[PDB]
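As a starting point, one isolated chain is supplied in structure tokens, in the form deposited in one PDB entry.
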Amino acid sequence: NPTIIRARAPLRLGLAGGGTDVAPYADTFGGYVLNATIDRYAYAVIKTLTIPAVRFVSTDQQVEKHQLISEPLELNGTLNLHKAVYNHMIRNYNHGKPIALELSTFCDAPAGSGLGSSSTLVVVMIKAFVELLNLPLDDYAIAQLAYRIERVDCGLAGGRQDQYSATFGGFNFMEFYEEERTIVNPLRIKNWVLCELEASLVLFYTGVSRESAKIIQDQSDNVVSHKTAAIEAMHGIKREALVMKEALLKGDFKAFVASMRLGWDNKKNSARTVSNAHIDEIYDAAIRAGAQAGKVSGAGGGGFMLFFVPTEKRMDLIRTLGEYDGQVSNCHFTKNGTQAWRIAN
């Protein structure tokens, strides 16, 4: 009789500092990110099989099937992440002996949403295997493994914050240094501050961003090619992540919104495609309706936007955003990181 495992990991809002976690910047100056997990999840399922095969199923429903071999699976460009997590687990915890199983994923947000889904999906696949094989991997180790699987094994360029939000959960201030050294600072925010923040945030999905890889490439180039003004914009991204972190610990909403405004300007100045005229139209309209600050959640170029609005103008802002292309949502934070459960055996 088969075993069925599921795992989930929360997606995240980037509140401040995104862009300082790109490789050249973090390694050279040190990065800061402030982020927080929300009520939307990536999921992985492992089902053991009775036939001698391995099957991989993805969120946009790609599907690969292989027979049982004592060789690592080739990373041929179809479902490389699923195959790489599988390869790592078989090599390191099953003495290279294949396991007949189906590894499937799905997600509450599509690719390009600005919610860290790509890396959250790797975390959740790892967490399902942690449950399957009863592995003693702690949170730092799961997040580091996810990072290595995606960026080294699979050679995919990107940031360093999403692995940690998906694993740890809650509100975190992260410090990124050279040689893969990351410090996660879980923030002990007062209950009234959390309720006030949720009461003042409105989320707006603008559509799929296709700029992430480009923006991250540009931000990396800023440092490597010594683009002075753009590097200074990134230094401002960093400074404001710390100001925003302190504002939250102090329950200082005036400083929070001032820091989001300055941070949004810096983020736009760091890479050309972070914003565009369409996003700027939405932003301007939100501000007109009474929003005090806002930003694009991930690298930029589309995906989710978030707005800070005083409660007396919240419904006005909600009404206005209805006039634009996209979907409005409230913002609800989650405190828990990745978790797994069993359905059969």
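For every residue, the number given is its place in the sequence shown, counted from 1.
We do not show the form solved in complex with a small molecule, though everything after this point is about it.
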Checklist entry - Of these, 252-260, 231-239, 107-115, 127-135, which stretch puts a heavy atom within 4.5 angstroms of the small molecule in the bound PDB entry? => result 107-115
Checklist entry - Are 31, 144 and 183 jointly within 4.5 Å of the small molecule in the bound PDB entry, each by at least one heavy atom? => result no
Checklist entry - Only one of 299, 36, 26, 317 has a non-hydrogen atom within 4.5 angstroms of the small molecule in the bound PDB entry; which is it? => result 299
Item to check | Contact residue in the bound PDB entry, from 213, 224, 100, 189 (heavy atom within 4.5 Å of the small molecule) | outcome: 213
Checklist entry - So in the bound PDB entry, does any heavy atom of residue 157 sit within 4.5 Å of the small molecule? => result yes
Next on the checklist: Using a 4.5 angstroms cut-off on non-hydrogen atoms, would residue 151 count as touching the small molecule in the bound PDB entry?
Outcome noted: yes
